[PDB]
Amino acid sequence: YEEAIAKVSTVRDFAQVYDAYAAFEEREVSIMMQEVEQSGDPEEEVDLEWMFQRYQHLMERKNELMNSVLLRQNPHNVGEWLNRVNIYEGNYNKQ
Amino acid sequence: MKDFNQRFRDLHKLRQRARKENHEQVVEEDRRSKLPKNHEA
Amino acid sequence: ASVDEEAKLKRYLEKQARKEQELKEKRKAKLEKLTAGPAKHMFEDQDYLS
Amino acid sequence: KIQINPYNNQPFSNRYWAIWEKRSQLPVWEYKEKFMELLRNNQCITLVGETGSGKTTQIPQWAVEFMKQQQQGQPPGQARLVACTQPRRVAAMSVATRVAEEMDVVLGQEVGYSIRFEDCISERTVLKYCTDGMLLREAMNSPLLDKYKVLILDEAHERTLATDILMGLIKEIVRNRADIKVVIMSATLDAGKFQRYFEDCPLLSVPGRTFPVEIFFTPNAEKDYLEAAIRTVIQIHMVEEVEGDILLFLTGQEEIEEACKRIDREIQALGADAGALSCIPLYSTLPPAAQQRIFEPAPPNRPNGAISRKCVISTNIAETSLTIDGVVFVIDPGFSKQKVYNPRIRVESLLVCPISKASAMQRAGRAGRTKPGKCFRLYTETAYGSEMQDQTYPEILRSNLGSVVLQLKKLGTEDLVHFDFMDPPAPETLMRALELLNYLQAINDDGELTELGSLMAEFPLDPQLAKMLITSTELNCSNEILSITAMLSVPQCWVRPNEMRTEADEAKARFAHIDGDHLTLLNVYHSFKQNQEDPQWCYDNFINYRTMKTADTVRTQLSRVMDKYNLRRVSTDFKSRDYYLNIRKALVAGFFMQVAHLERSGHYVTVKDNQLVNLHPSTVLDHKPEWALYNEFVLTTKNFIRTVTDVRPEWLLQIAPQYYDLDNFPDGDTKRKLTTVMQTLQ
């Protein structure tokens, strides 16, 4: 999934890959949560919360990744490079 | 521990949000693919 | 010919009469149509939706 | 002189005497002794009297005494009631409140009302106001209306589906329960068709307007009415020296929002000399705050003596039950939108159609309530006599009878083809009705109500919706489906002031679910619940706060209904893959007939009837789904299928087996698509 999003060249294709990827991440979080709700093992709760970090990270990546896909279709599109700068609003150096 | 359950419900909501927003960019892109560059002149 | 030219002159004058509200409206109609810009596309790629 | 109140044993209060003087001056009052004799002599009465004739307030009160006198010198027998129906909820309340004053007893105690979602009776109630549907709702449990002694079917002119059904059954009741009085009132002068229908019952005519009205016509026939109406408004504003507001009748929001704007332009041209004209739109889907303007008083006028005026531009909502005070100029272009449901193609239409010889009166009758007044019709007097038909069709000759046939079957009418309608429905419509019910398992092939059918009647819903909701309880989605039921049984919750269209549509997008308008409403309903039902959140997101508060009420009622028949409210897990899958399947269970597919030409055609349709542009879809489930086939400028939903054709064959049975189908594209799916599922 990570390689696909780095190499997919259309928004039409990307909306399948990322939507499938977020769906995949959800079931893994689900099954693991339902196990921890019965296991109670704190190391599994640690890794469950470690897994929630990774799932939440993928949502933030979405706006960065969507714009990056657009800056591979036509990276002359200076309107989308302004959006790229707005995605990195939290990082002056990356701007 | 309901804290994870409460966190999960927001994340699925937020996944659904990105589900639509992705689809918004698809229909946008389809129009752009129909137009090509003559539109800009 | 006197009947026809009287009618034709009248209809020439009647089109010329108040040639401004139509022109200003038709200019207004054109202006707002262009500025409205993007209509929604509503694409049909049903096999993608499948 | 101390009279005792017979109901509470009190001296009649000091307020009553003053009110008594004024009500003695109502026109109906002289007839008081005359009415009682007729009621004593006959079982059915037809009564007619113009607006302001006091019928609605005095007649039911006189009915009450007549009940009492019949109890005097008999034992105090089983508690019986006098009913007064009222076509609209707002009217049933506004009458009762006045009438609970007049009889100097506490509202809900001896004098009451019984409308939807609020019952104000007590065991001491003798006189019960109810909306028409509630007297239809009672009969379905108690066919002879067993609690009732004197019925009173007010405002008969409105001919609503509740009323047309009632009248027939009530004439059937007039057989059988041979003790019950009926007093059919009509406020329009109507050509005594009521008098025939009820076995030549005695007709009582009572006059009684408040002021006289002037009627006016254009001598030539203007060809663009809105240009005329707008031009008429300006002309009146400038030339009339009498103070007063202008009430202009247009067809709808596409025009009442245009007419406001263009009238504002010309008053901005007329500048300082002319008085200030304030233009107020008024149509049934304006949010509460926008409606409330109509109560606002006029400016204090400009200093030069130029009269400032309020101009209320309104659909037929100003014709009936809404009483706009201060109107002394009515402009009547002579049109209204009329639904007409074409039972051949299931196209329900909304075209601009000419009003009737009655409706023309009622529009004019707005003037003459506070002082004499003038009505200007933008049509010629010969046009009036010879194109406008004499009264507008009843509701029953106009609408889908699914809701009604099921009600009649529950009431134990088997003989629908002899049912005694005053103006019977078209043969072709009833054949859709039975066909609608027969697919839905409401009725078996010999036409008796089946077990599933009898439950479908119990819901305050249309037949399609009831089949959805019941079936939703076996798909484990009833809590989600219950809301999609509630939102579709109330007038649509989207607000779109055309001054703010782009911003309002942006709010609509944020709600939008991807799979269509039915999940978009469930998103809307949930969002309203999350925000503590705060009125403000309704406003900025352009959602009518009336609709949602009505909708949430409807939901609570349907929950109560489900419990009484042990339909468990359930949900699929939000975590589950099945959650949004189980919602869409339930829809398809019940609107399975009303499904479209996308033909190769780029248009939709509706399943079996080959009717050519387009997505109604309000839909929050951004794609044409290949198979589209839709709730309302609309004629305006084109056929438009509204409230469109993406469905997957596998559901159609599994969930709704009868109708999509391939062997019957008309040979065409619809059949070609369906066939391939069934082979795939096998």
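Residues numbered from 1 in each chain as written, not as in the entry; some residues may be left out. Chains lettered and ligands numbered in written order. Part of a larger assembly, values for the part shown. Heavy atoms only, no water.

In the PDB header, cryo-EM is given as the technique by which the entry was determined, and 3.0 Å as its resolution.

Visitor: Would you mind going over the overall build of chain B with me for this structure?
Guide: Counting secondary structure elements, chain B contains 1 helix and 0 strands. With the principal axes as the frame, chain B shows a C-alpha extent of 60 × 15 × 5 Å. For chain B, the exposed area adds up to about 2,800 Å²; of that, 46% sits on carbon and sulfur atoms. Of the side-chain charges in chain B, 12 are positive and 8 negative, and the distance between the mean point of each set is 5 Å. (Helix = DSSP H or I, 4+ residues; strand = E, 2+ residues; numbered from the N terminus. Areas by Shrake-Rupley, 256 points an atom, 1.4 Å probe, with all protein chains shown as cover. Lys, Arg positive; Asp, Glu negative; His and termini not counted. Charge placed at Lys NZ, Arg CZ, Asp CG, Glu CD.)

Visitor: Before we go on, may I ask you to explain unusual backbone geometry in this structure?
Guide: With the exception of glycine, most residues fall at negative phi, and the peptide bonds are largely trans. Residue and element names in this part refer to chain D. One non-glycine residue, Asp 200, lies in positive phi territory at about 50°. Structurally, the position occupied by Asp 200 is in the loop between α7 (193–197) and β8 (203–206). By relative accessible area, which is 58% here, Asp 200 ends up exposed. (Buried < 20%, exposed > 50% of the residue type's maximum accessible area, 1.4 Å probe, protein only.)

Visitor: Before we go on, may I ask you to explain the packing of aromatic side chains in this structure?
Guide: To describe a pair of aromatic rings, one takes the distance between the centres and the angle between the planes. Residue and element names in this part refer to chain D. This model, assessed by the stated rule, comprises 25 aromatic pairs over all chains. Aromatic pair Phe 12 and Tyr 16: ring centres 4.2 Å apart, planes at 35°, arrangement tilted. With relative accessibility at 10%, the residue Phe 12 sits in the buried group. On the basis of an interplanar angle of 35° and a centroid distance of 6.0 Å, the ring pair of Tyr 660 and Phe 665 is categorised as tilted. Both residues of the pair, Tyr 660 and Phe 665, belong to the buried class. The residue whose ring lies beneath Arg 23 is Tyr 16, and the NZ or CZ to ring-centre distance is 5.3 Å. Here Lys 508 stacks its cationic end above the ring of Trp 494, 5.1 Å away from the centre of that ring. (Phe/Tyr/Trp six-rings, centres within 6.5 Å; stacked < 30°, edge-to-face > 60°. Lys NZ or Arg CZ within 6 Å of the ring centre and 35° of its normal.)

Visitor: Sorry if this is basic, but what is going on with the side chain of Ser 399 of chain D here?
Guide: Residue and element names in this part refer to chain D. Mapped onto the secondary structure, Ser 399 falls in the loop between α12 (381–387) and α13 (402–410). At 3.1 Å, the side chain of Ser 399 and the backbone oxygen of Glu 395 are in polar contact. If we ignore the near neighbours within four places in the chain, the residues touching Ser 399 are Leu 161, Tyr 341 and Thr 429. (Polar contact = N/O pair within 3.5 Å; in protein donor to acceptor, adjacent residues only side chain to side chain. Contact = heavy atoms within 4.5 Å.)

Visitor: Please explain the interface of chain B and chain A as it appears in this structure.
Guide: Much of the literature gives interface size as the accessible area that the parts lose upon coming together. Listed per partner, the contact involves 17 residues of chain B and 25 residues of chain A. Carbon and sulfur atoms make up 63% of the surface buried where chain B meets chain A, a total of about 2,000 Å² over both sides. For the pair chain B and chain A, the interface holds 4 salt bridges. Note that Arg 19 of chain B and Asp 19 of chain A form a salt bridge whose closest N and O atoms lie 2.7 Å from each other. Linking chain B with chain A are 6 residue pairs in polar contact. Partitioned by chemical class, the residues of the side of chain B that touches chain A number 7 nonpolar, 4 polar and 6 charged. (Buried area = accessible area lost by both parts, 1.4 Å probe. Salt bridge = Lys/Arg side-chain N within 4 Å of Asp/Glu carboxyl O. Nonpolar A, V, L, I, M, F, W, Y, C, P; charged D, E, K, R; others polar.)

Visitor: I keep staring at a nonpolar patch on the surface and nothing clicks. Help me out?
Guide: Residues and elements named next belong to chain D. Taken together, the side chains of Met 238, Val 239 and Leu 270 define a hydrophobic patch exposed on the protein surface, amounting to about 260 Å² of accessible area. Secondary-structure assignment places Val 239 in helix α8 (residues 225–239). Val 239 gets classed as exposed once you look at its relative accessible area, which sits at 62%. (Patch = residues over 30% accessible without salt bridge, like charges linked within 9 Å, V, L, I, M, F, W, Y side chains within 5 Å.)

Visitor: It is not clear to me how the pattern of salt bridges should be interpreted in this structure. Could you clarify?
Guide: Between side chains of opposite charge, pairing is possible as soon as their charged atoms come close. Residues and elements named next belong to chain D. Counted according to the given criterion, the structure contains 58 salt bridges over all chains. A salt bridge links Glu 102 to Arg 98; the nearest nitrogen and oxygen atoms lie 3.2 Å apart. Of the two residues, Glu 102 and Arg 98 both sit in helix α4 (residues 89–102), 4 residues apart, roughly one turn of that helix. Salt bridges here are not isolated pairs; linked through shared partners, they connect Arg 15, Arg 23, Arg 98, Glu 101 and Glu 102.

Visitor: Is there a simple way to think about the packing of helix α19 (residues 517–530) of chain D against helix α22 (residues 579–590) of chain D in this case?
Guide: What describes two packed helices is the angle between their axes and the distance between those same axes. Residues and elements named next belong to chain D. Across the interface, α19 lies against α22 with an axial gap of 10 Å and an inter-helix angle of 120°. In terms of axis orientation, α19 runs oblique to α22. Considering the relative orientation of α19 and α22, their crossing is right-handed. Residues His 518, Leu 519, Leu 522 and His 526 of α19 touch α22, and the partners they reach there are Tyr 579, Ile 583, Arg 584 and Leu 587. Looking at the contact of α19 with α22 residue by residue, the class counts come to 5 nonpolar, 2 polar and 1 charged. (Axes fitted to C-alpha atoms, helices over the stretch in contact; angles between N-to-C directions. Parallel < 35°, antiparallel > 145°, perpendicular 65-115°, else oblique. Left-handed = near helix turned anticlockwise from the far one by under 90°.)

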